[PDB]
Each structure stands twice: as structure tokens, then as C-alpha cells.
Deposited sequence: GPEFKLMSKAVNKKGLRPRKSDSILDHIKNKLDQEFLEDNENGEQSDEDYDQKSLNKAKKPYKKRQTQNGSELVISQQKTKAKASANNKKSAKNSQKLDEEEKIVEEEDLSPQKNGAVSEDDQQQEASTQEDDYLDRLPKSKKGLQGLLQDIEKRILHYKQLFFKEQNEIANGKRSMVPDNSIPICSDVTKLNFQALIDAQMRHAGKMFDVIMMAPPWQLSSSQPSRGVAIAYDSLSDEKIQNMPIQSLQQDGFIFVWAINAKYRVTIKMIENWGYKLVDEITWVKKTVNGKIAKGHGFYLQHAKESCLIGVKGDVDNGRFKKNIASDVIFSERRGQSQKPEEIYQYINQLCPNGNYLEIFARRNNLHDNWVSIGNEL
């Protein structure tokens, strides 16, 4: 009856979708390229279990240099890892001259500033992302004191960044763009970083498959 017709329709549907599956797995084994750029270096490991000494040795062997920019979008405790465990990461051994970019929520602004100053950096700049709607309006949110429609990136610095490498008077502090996807930052931060340090060796911590970029070393357990 109705269940028999449903079974016939489900047989037609599996016959239709097997064609799509076989088309996809035949085009995959033919030389199809994904959206991930070729020069991306992704590492899939927990930062609490990753040996950073191997990364230091590999970077010093294959570049004769250290990282220029370290960008972080930490999973704040509200995968919500920790605060002290985020502090304990060996950023000091990961860099000697350049910048750091840490994305901070309003509840972890002070903690991010304290971590940046405890890693040896000095706070010099701040980048804010203002969320947007499809009509070019601010996407109102929620909060305790005021309606939050912002997100902050805090920027430190080490060493002498004026030798010949980093540019000055570039980009902007404000990123006005839509809040697409999940808690995912825009690509304007990557454009601004490439404007700051053209053709550099970057490092991204707590990364996802949308964070994979050219010349970027990306670390993330879901990568």
C-alpha cells in the first residue's frame, strides 16, 4: 500500500543517489582539486600533545628563520579547553621577531592581554570585527551591559620589526563584514596580515579547514 509505494520511492532515491556518489568518487580519482591551496601546511594534532620542538627544528631547517606572525583563535572556556593551558603553550620559543594575533571575547579581554604580556610581547594594536547583516546594517546581539556586536583581536610584538620585513601604515583596525558560518573569522584578517608581512612564514593555532591558506602553517585537531 502506502508503505509499498514508499519503499518503491526509496529504491528510486537510492538508485538516483548512488549515481551522484559514483560520479563524485570517480571525479575525485581523476585529478580534482579542492578549495585548499597547494602551499598550505596543515597539521592535525592537539596543541597539548603536539611536540613544538619538532616544528621548531623543521622550520629552522627548511627556512633558516622563525615565524613572522602567530595567529590564535583560542577555544575559550564559556572545544572550551582552558585558560592556564592556553597560557602554557610555548609561544616564546615559537618566535623571536614579529607579531601575534589573539582573538578575544569580551569575557576574556583581560586574560588575553595578560597572556600576551606574559609571553614577552608588548600590546601595540587592536583589530575589531563588526558583524554585519545582508542589508549593510550592524547585526545586533546580546550582552550584560550592552548588546555585543563586535569581536576583538589583540596584537603584540617582539624584537626589532623595522629591519626590512614588516610594512607600516597599512590596512585598518576595523573589519566590517558578515557573520557567515559558525564562530568563524573573516578572511580580511588574512588579507591584512599579508599586507603587514608580505611573503612571510606564518603560523595558525586552533585552525579549521576554512583557515587553510598559502604559506600558512595551520594547527588544529579537526584539520
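Q: In sequence order, what intervals of the deposited sequence carry no C-alpha positions?
A: Model skips 1-142, 221-233 of the deposited chain.
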